[PDB]
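Q: Below is query.txt; it holds compact mmCIF, N, CA, C and O atoms.
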# COMPACT_ATOMS: atom_id res chain seq x y z
N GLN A 1 -7.01 -1.09 -1.56
CA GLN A 1 -6.56 -1.75 -0.34
C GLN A 1 -7.76 -2.19 0.49
O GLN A 1 -8.51 -1.34 0.98
N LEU A 2 -7.95 -3.50 0.65
CA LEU A 2 -8.80 -4.09 1.68
C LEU A 2 -8.04 -4.48 2.94
O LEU A 2 -6.96 -5.07 2.87
N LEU A 3 -8.62 -4.17 4.11
CA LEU A 3 -8.39 -4.95 5.32
C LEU A 3 -9.69 -5.62 5.75
O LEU A 3 -10.73 -4.96 5.84
N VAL A 4 -9.62 -6.92 6.02
CA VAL A 4 -10.63 -7.67 6.77
C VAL A 4 -10.01 -8.14 8.08
O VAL A 4 -9.00 -8.85 8.07
N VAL A 5 -10.58 -7.72 9.21
CA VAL A 5 -10.22 -8.23 10.53
C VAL A 5 -11.48 -8.78 11.19
O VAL A 5 -12.44 -8.03 11.42
N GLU A 6 -11.47 -10.07 11.50
CA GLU A 6 -12.70 -10.85 11.61
C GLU A 6 -12.52 -11.99 12.61
O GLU A 6 -11.58 -12.77 12.50
N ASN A 7 -13.43 -12.06 13.59
CA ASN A 7 -13.46 -13.13 14.59
C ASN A 7 -14.86 -13.70 14.68
O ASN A 7 -15.84 -12.96 14.70
N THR A 8 -14.95 -15.03 14.74
CA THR A 8 -16.07 -15.72 15.38
C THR A 8 -15.57 -16.42 16.64
O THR A 8 -14.71 -17.30 16.56
N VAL A 9 -16.11 -16.03 17.79
CA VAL A 9 -16.01 -16.82 19.01
C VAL A 9 -17.35 -17.50 19.23
O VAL A 9 -18.41 -16.88 19.06
N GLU A 10 -17.31 -18.78 19.59
CA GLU A 10 -18.52 -19.53 19.89
C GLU A 10 -18.35 -20.50 21.06
O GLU A 10 -19.28 -21.27 21.33
N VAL A 11 -17.21 -20.49 21.74
CA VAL A 11 -17.16 -20.92 23.13
C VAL A 11 -16.87 -19.68 23.96
O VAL A 11 -15.71 -19.35 24.24
N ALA A 12 -17.95 -19.01 24.37
CA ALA A 12 -17.87 -17.67 24.94
C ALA A 12 -16.78 -17.54 25.97
O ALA A 12 -16.04 -16.54 25.98
N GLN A 13 -16.65 -18.52 26.86
CA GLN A 13 -15.35 -18.77 27.46
C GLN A 13 -15.31 -20.19 27.99
O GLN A 13 -16.32 -20.87 28.11
N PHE A 14 -14.09 -20.61 28.29
CA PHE A 14 -13.82 -21.61 29.31
C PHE A 14 -13.13 -20.88 30.45
O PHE A 14 -12.37 -19.94 30.23
N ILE A 15 -13.40 -21.32 31.67
CA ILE A 15 -12.62 -20.90 32.83
C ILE A 15 -12.08 -22.16 33.49
O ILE A 15 -12.84 -22.96 34.03
N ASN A 16 -10.76 -22.33 33.44
CA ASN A 16 -10.12 -23.41 34.16
C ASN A 16 -10.12 -23.11 35.65
O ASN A 16 -10.06 -21.96 36.07
N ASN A 17 -10.18 -24.17 36.45
CA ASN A 17 -10.13 -23.99 37.89
C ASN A 17 -8.77 -23.43 38.30
O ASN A 17 -7.84 -23.35 37.49
N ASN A 18 -8.67 -23.04 39.56
CA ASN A 18 -7.39 -22.59 40.08
C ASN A 18 -6.43 -23.77 40.23
O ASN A 18 -6.85 -24.93 40.25
N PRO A 19 -5.13 -23.50 40.34
CA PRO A 19 -4.13 -24.58 40.29
C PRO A 19 -4.36 -25.70 41.29
O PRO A 19 -3.88 -26.82 41.09
N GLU A 20 -5.06 -25.41 42.38
CA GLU A 20 -5.32 -26.43 43.40
C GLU A 20 -6.14 -27.58 42.83
O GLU A 20 -5.81 -28.75 43.04
N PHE A 21 -7.21 -27.26 42.11
CA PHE A 21 -8.18 -28.24 41.65
C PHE A 21 -7.94 -28.71 40.22
O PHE A 21 -8.63 -29.64 39.77
N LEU A 22 -7.00 -28.11 39.50
CA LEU A 22 -6.61 -28.62 38.20
C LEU A 22 -5.90 -29.96 38.31
O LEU A 22 -5.10 -30.19 39.22
N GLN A 23 -6.20 -30.85 37.36
CA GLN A 23 -5.56 -32.15 37.25
C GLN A 23 -4.48 -32.07 36.18
O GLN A 23 -4.77 -31.74 35.02
N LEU A 24 -3.24 -32.38 36.55
CA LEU A 24 -2.14 -32.32 35.60
C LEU A 24 -2.20 -33.49 34.62
O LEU A 24 -2.59 -34.60 34.97
N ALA A 25 -1.82 -33.22 33.37
CA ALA A 25 -1.64 -34.29 32.40
C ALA A 25 -0.53 -35.23 32.84
O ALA A 25 0.48 -34.80 33.41
N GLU A 26 -0.72 -36.52 32.58
CA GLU A 26 0.25 -37.52 33.01
C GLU A 26 1.66 -37.24 32.52
O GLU A 26 2.59 -37.26 33.35
N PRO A 27 1.91 -37.00 31.23
CA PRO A 27 3.29 -36.70 30.81
C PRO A 27 3.87 -35.42 31.40
O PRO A 27 5.06 -35.38 31.72
N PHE A 28 3.06 -34.38 31.58
CA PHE A 28 3.57 -33.17 32.23
C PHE A 28 3.97 -33.45 33.67
O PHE A 28 5.03 -33.01 34.13
N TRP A 29 3.11 -34.15 34.41
CA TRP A 29 3.45 -34.54 35.77
C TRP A 29 4.69 -35.42 35.82
O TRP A 29 5.50 -35.30 36.74
N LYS A 30 4.84 -36.32 34.85
CA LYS A 30 6.06 -37.11 34.74
C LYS A 30 7.30 -36.24 34.53
O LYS A 30 8.35 -36.52 35.10
N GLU A 31 7.19 -35.20 33.70
CA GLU A 31 8.34 -34.32 33.51
C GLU A 31 8.65 -33.50 34.76
O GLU A 31 9.82 -33.29 35.09
N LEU A 32 7.61 -33.03 35.46
CA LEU A 32 7.82 -32.40 36.76
C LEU A 32 8.51 -33.34 37.74
O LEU A 32 9.42 -32.94 38.46
N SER A 33 8.08 -34.60 37.77
CA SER A 33 8.71 -35.60 38.63
C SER A 33 10.20 -35.74 38.35
O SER A 33 10.99 -35.93 39.28
N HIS A 34 10.61 -35.65 37.09
CA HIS A 34 12.01 -35.81 36.73
C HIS A 34 12.81 -34.51 36.79
O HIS A 34 14.02 -34.54 36.54
N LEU A 35 12.18 -33.38 37.09
CA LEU A 35 12.95 -32.18 37.34
C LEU A 35 13.92 -32.42 38.50
O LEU A 35 13.56 -33.10 39.48
N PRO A 36 15.14 -31.89 38.43
CA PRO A 36 16.22 -32.37 39.31
C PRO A 36 16.13 -31.91 40.76
O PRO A 36 16.98 -32.34 41.56
N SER A 37 15.17 -31.08 41.15
CA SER A 37 15.08 -30.55 42.51
C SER A 37 16.22 -29.60 42.84
O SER A 37 16.55 -29.41 44.02
N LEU A 38 16.85 -29.02 41.83
CA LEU A 38 17.96 -28.10 41.99
C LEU A 38 17.97 -27.23 40.74
O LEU A 38 17.47 -27.63 39.69
N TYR A 39 18.56 -26.04 40.86
CA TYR A 39 18.55 -25.15 39.70
C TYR A 39 19.53 -25.61 38.63
O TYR A 39 20.59 -25.01 38.42
N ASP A 40 19.16 -26.70 37.96
CA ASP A 40 19.76 -27.12 36.69
C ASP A 40 18.89 -26.53 35.59
O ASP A 40 17.93 -27.15 35.12
N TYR A 41 19.22 -25.31 35.17
CA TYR A 41 18.40 -24.61 34.19
C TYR A 41 18.22 -25.38 32.89
O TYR A 41 17.24 -25.12 32.18
N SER A 42 19.13 -26.28 32.53
CA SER A 42 18.91 -27.09 31.34
C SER A 42 17.58 -27.84 31.38
O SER A 42 16.81 -27.83 30.41
N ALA A 43 17.26 -28.46 32.52
CA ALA A 43 16.03 -29.24 32.66
C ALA A 43 14.79 -28.37 32.62
O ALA A 43 13.83 -28.66 31.90
N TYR A 44 14.78 -27.30 33.41
CA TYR A 44 13.64 -26.40 33.41
C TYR A 44 13.45 -25.72 32.06
O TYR A 44 12.32 -25.45 31.65
N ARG A 45 14.54 -25.40 31.37
CA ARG A 45 14.39 -24.86 30.03
C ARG A 45 13.80 -25.89 29.08
O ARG A 45 12.99 -25.53 28.22
N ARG A 46 14.22 -27.15 29.16
CA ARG A 46 13.57 -28.18 28.36
C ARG A 46 12.09 -28.32 28.69
O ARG A 46 11.26 -28.55 27.79
N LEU A 47 11.72 -28.04 29.94
CA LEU A 47 10.32 -28.01 30.33
C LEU A 47 9.58 -26.84 29.69
O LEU A 47 8.49 -27.02 29.15
N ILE A 48 10.14 -25.64 29.79
CA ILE A 48 9.50 -24.47 29.21
C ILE A 48 9.46 -24.56 27.69
O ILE A 48 8.56 -24.02 27.04
N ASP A 49 10.44 -25.25 27.10
CA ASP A 49 10.42 -25.54 25.67
C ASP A 49 9.25 -26.43 25.29
O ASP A 49 8.53 -26.13 24.33
N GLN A 50 9.03 -27.52 26.02
CA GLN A 50 7.93 -28.41 25.63
C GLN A 50 6.56 -27.86 26.01
O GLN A 50 5.61 -28.00 25.24
N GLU B 1 -4.54 30.42 -33.18
CA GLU B 1 -4.21 30.50 -34.60
C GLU B 1 -3.80 31.93 -34.94
O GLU B 1 -4.33 32.89 -34.37
N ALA B 2 -2.87 32.06 -35.88
CA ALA B 2 -2.56 33.34 -36.50
C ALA B 2 -2.24 33.15 -37.97
O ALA B 2 -1.53 32.21 -38.34
N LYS B 3 -2.76 34.05 -38.82
CA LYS B 3 -2.20 34.31 -40.14
C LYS B 3 -1.68 35.74 -40.19
O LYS B 3 -2.39 36.67 -39.78
N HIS B 4 -0.46 35.92 -40.70
CA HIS B 4 0.17 37.24 -40.82
C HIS B 4 0.77 37.38 -42.22
O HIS B 4 1.96 37.12 -42.40
N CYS B 5 -0.04 37.79 -43.19
CA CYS B 5 0.41 37.88 -44.58
C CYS B 5 0.60 39.32 -45.02
O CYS B 5 -0.30 40.16 -44.87
N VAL B 6 1.79 39.59 -45.56
CA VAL B 6 2.21 40.89 -46.07
C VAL B 6 2.61 40.74 -47.53
O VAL B 6 3.11 39.70 -47.95
N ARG B 7 2.38 41.80 -48.31
CA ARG B 7 2.65 41.79 -49.73
C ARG B 7 3.14 43.16 -50.15
O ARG B 7 2.58 44.18 -49.74
N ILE B 8 4.20 43.20 -50.96
CA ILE B 8 4.74 44.44 -51.50
C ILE B 8 4.99 44.28 -52.99
O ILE B 8 5.47 43.23 -53.44
N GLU B 9 4.66 45.32 -53.76
CA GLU B 9 5.00 45.41 -55.17
C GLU B 9 5.72 46.72 -55.42
O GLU B 9 5.45 47.74 -54.77
N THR B 10 6.66 46.70 -56.37
CA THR B 10 7.39 47.90 -56.75
C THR B 10 7.73 47.82 -58.23
O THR B 10 7.97 46.74 -58.77
N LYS B 11 7.75 48.98 -58.88
CA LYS B 11 8.38 49.11 -60.18
C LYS B 11 9.00 50.50 -60.30
O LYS B 11 8.49 51.47 -59.73
N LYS B 12 10.09 50.58 -61.05
CA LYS B 12 10.69 51.84 -61.44
C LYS B 12 11.03 51.81 -62.93
O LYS B 12 11.33 50.76 -63.49
N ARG B 13 10.97 52.98 -63.56
CA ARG B 13 11.12 53.09 -65.00
C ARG B 13 11.88 54.37 -65.33
O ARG B 13 11.76 55.38 -64.63
N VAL B 14 12.67 54.31 -66.40
CA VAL B 14 13.31 55.50 -66.95
C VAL B 14 12.24 56.52 -67.31
O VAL B 14 11.48 56.33 -68.25
N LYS B 15 14.24 49.61 -66.61
CA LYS B 15 13.02 49.30 -65.88
C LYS B 15 13.23 48.11 -64.94
O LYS B 15 13.71 47.06 -65.36
N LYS B 16 12.86 48.29 -63.68
CA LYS B 16 13.01 47.25 -62.67
C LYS B 16 11.73 47.17 -61.85
O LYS B 16 11.18 48.20 -61.45
N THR B 17 11.26 45.95 -61.59
CA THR B 17 10.06 45.74 -60.79
C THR B 17 10.23 44.50 -59.93
O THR B 17 10.88 43.53 -60.32
N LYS B 18 9.63 44.56 -58.74
CA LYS B 18 9.56 43.42 -57.83
C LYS B 18 8.13 43.26 -57.32
O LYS B 18 7.48 44.24 -56.95
N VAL B 19 7.65 42.02 -57.31
CA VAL B 19 6.41 41.65 -56.64
C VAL B 19 6.70 40.48 -55.72
O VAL B 19 7.27 39.47 -56.16
N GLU B 20 6.34 40.61 -54.45
CA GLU B 20 6.89 39.76 -53.41
C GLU B 20 5.85 39.50 -52.33
O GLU B 20 5.11 40.40 -51.94
N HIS B 21 5.81 38.25 -51.86
CA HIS B 21 4.88 37.84 -50.82
C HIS B 21 5.63 36.97 -49.81
O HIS B 21 6.34 36.05 -50.20
N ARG B 22 5.47 37.28 -48.53
CA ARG B 22 5.98 36.44 -47.45
C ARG B 22 4.92 36.36 -46.37
O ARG B 22 4.51 37.40 -45.85
N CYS B 23 4.47 35.15 -46.02
CA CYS B 23 3.60 35.06 -44.86
C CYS B 23 3.69 33.70 -44.17
O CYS B 23 3.90 32.67 -44.80
N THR B 24 3.51 33.75 -42.85
CA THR B 24 3.74 32.64 -41.94
C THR B 24 2.51 32.43 -41.07
O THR B 24 1.83 33.39 -40.69
N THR B 25 2.23 31.17 -40.76
CA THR B 25 1.03 30.76 -40.04
C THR B 25 1.44 29.91 -38.85
O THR B 25 2.35 29.08 -38.96
N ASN B 26 0.77 30.11 -37.72
CA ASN B 26 0.91 29.26 -36.55
C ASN B 26 -0.44 28.68 -36.16
O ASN B 26 -1.46 29.37 -36.22
N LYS B 27 -0.44 27.41 -35.77
CA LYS B 27 -1.57 26.78 -35.12
C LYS B 27 -1.10 26.10 -33.85
O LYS B 27 0.01 25.57 -33.79
N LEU B 28 -1.95 26.13 -32.82
CA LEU B 28 -1.73 25.35 -31.61
C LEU B 28 -3.07 24.77 -31.17
O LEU B 28 -4.11 25.42 -31.31
N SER B 29 -3.04 23.54 -30.65
CA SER B 29 -4.14 23.05 -29.83
C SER B 29 -3.61 22.23 -28.66
O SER B 29 -2.93 21.22 -28.87
N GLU B 30 -3.92 22.68 -27.45
CA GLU B 30 -3.80 21.85 -26.25
C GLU B 30 -5.13 21.19 -25.95
O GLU B 30 -6.19 21.81 -26.07
N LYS B 31 -5.08 19.91 -25.56
CA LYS B 31 -6.26 19.21 -25.07
C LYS B 31 -5.95 18.61 -23.71
O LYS B 31 -4.90 17.98 -23.54
N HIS B 32 -6.86 18.79 -22.76
CA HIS B 32 -6.68 18.37 -21.38
C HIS B 32 -7.83 17.46 -20.99
O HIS B 32 -8.99 17.76 -21.28
N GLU B 33 -7.51 16.34 -20.36
CA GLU B 33 -8.53 15.48 -19.78
C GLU B 33 -7.97 14.88 -18.50
O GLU B 33 -6.83 14.40 -18.49
N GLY B 34 -8.77 14.89 -17.44
CA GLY B 34 -8.34 14.36 -16.17
C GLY B 34 -9.49 13.80 -15.36
O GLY B 34 -10.60 14.34 -15.40
N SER B 35 -9.23 12.73 -14.62
CA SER B 35 -10.24 12.12 -13.76
C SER B 35 -9.56 11.59 -12.51
O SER B 35 -8.45 11.05 -12.58
N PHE B 36 -10.21 11.76 -11.37
CA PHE B 36 -9.72 11.21 -10.11
C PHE B 36 -10.92 10.81 -9.27
O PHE B 36 -11.66 11.68 -8.80
N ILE B 37 -11.12 9.51 -9.08
CA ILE B 37 -12.16 8.98 -8.21
C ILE B 37 -11.51 8.32 -7.01
O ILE B 37 -10.66 7.44 -7.16
N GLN B 38 -11.91 8.76 -5.82
CA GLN B 38 -11.41 8.24 -4.56
C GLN B 38 -12.59 7.76 -3.72
O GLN B 38 -13.68 8.33 -3.79
N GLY B 39 -12.39 6.70 -2.94
CA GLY B 39 -13.42 6.28 -2.01
C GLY B 39 -12.90 5.38 -0.92
O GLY B 39 -11.83 4.78 -1.03
N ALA B 40 -13.69 5.30 0.16
CA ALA B 40 -13.39 4.46 1.31
C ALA B 40 -14.68 3.87 1.85
O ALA B 40 -15.71 4.54 1.88
N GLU B 41 -14.61 2.61 2.28
CA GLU B 41 -15.65 1.97 3.07
C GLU B 41 -15.10 1.46 4.40
O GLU B 41 -14.00 0.90 4.44
N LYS B 42 -15.85 1.68 5.47
CA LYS B 42 -15.68 0.93 6.70
C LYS B 42 -16.98 0.20 7.00
O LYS B 42 -18.07 0.69 6.70
N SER B 43 -16.86 -0.99 7.59
CA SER B 43 -18.00 -1.69 8.16
C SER B 43 -17.56 -2.42 9.42
O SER B 43 -16.84 -3.42 9.33
N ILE B 44 -17.97 -1.93 10.59
CA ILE B 44 -17.72 -2.62 11.85
C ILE B 44 -19.06 -3.16 12.33
O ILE B 44 -20.00 -2.39 12.56
N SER B 45 -19.15 -4.48 12.49
CA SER B 45 -20.35 -5.14 12.98
C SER B 45 -20.04 -6.02 14.17
O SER B 45 -19.01 -6.71 14.19
N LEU B 46 -20.92 -6.00 15.17
CA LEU B 46 -20.82 -6.86 16.34
C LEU B 46 -22.12 -7.63 16.50
O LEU B 46 -23.20 -7.05 16.46
Would you kindly transcribe this structure into structure tokens?
A:
Amino acid sequence: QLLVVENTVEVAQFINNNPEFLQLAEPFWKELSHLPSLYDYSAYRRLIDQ
Amino acid sequence: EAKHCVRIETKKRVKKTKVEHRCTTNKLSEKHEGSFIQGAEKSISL
């Protein structure tokens, strides 16, 4: 029986800015725009799905 | 191993005689061989 458990990391990290200074992707922002402004869970679930 | 051999002779006369042999032999050999090699390696490197 062998186990090999093995990682190379070589972008030691990225740190994304906090939500204030992050720029949203255009299609994601478009989907946020089309969210119904009411608890229609179908729409928000389609968001969490994508 | 065993050999166990017995022999008897008889005669009687004023005439009857018997000469007789019965013997049985046993042999046994058991042979045993066994091997068990076990091992483990770990290598943790950072």
Q: Near chain B, which residues of chain A fall within 7 Å when you count only N, CA, C and O atoms, and what do they look like as an MDAnalysis selection string?
A: chainID A and resid 1 3 5
Q: Would you please extract all strand (DSSP E or B) residues from chain B, as assigned by DSSP on the backbone, and give them as a list in words?
A: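 Reading the DSSP output for chain B, strand (DSSP E or B) covers residues 2, 3, 4, 5, 6, 7, 8, 9, 10, 11, 12, 16, 17, 18, 19, 20, 21, 22, 23, 24, 25 and 26 of chain B.
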Q: Near residue 46 of chain A, within 12 Å and counting only C-alpha atoms, which residues show up once chain neighbours fewer than 3 positions away are dropped, as a list in words?
A: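 Returned residues: residues 28, 31, 32, 34, 35, 40, 41, 42, 43, 49 and 50 of chain A.
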Q: One number please: atom CA of residue 20 of chain B to atom N of residue 8 of chain B, in Å, one decimal.
A: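 Straight-line distance from atom CA of residue 20 of chain B to atom N of residue 8 of chain B works out to 5.0 Å.
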Q: Enclose segment 2-16 of chain A, meaning all of its atoms listed in the file, in a box aligned along x, y and z, pad it by 3 Å on each side, and list the centre and edge lengths in Å to one decimal, as lines of an AutoDock Vina configuration file.
A:
center_x = -13.1
center_y = -13.5
center_z = 18.4
size_x = 18.3
size_y = 25.9
size_z = 41.4
Q: Which value, in Å to one decimal, gives the distance between atom C of residue 24 of chain B and atom CA of residue 10 of chain B?
A: 22.6 Å
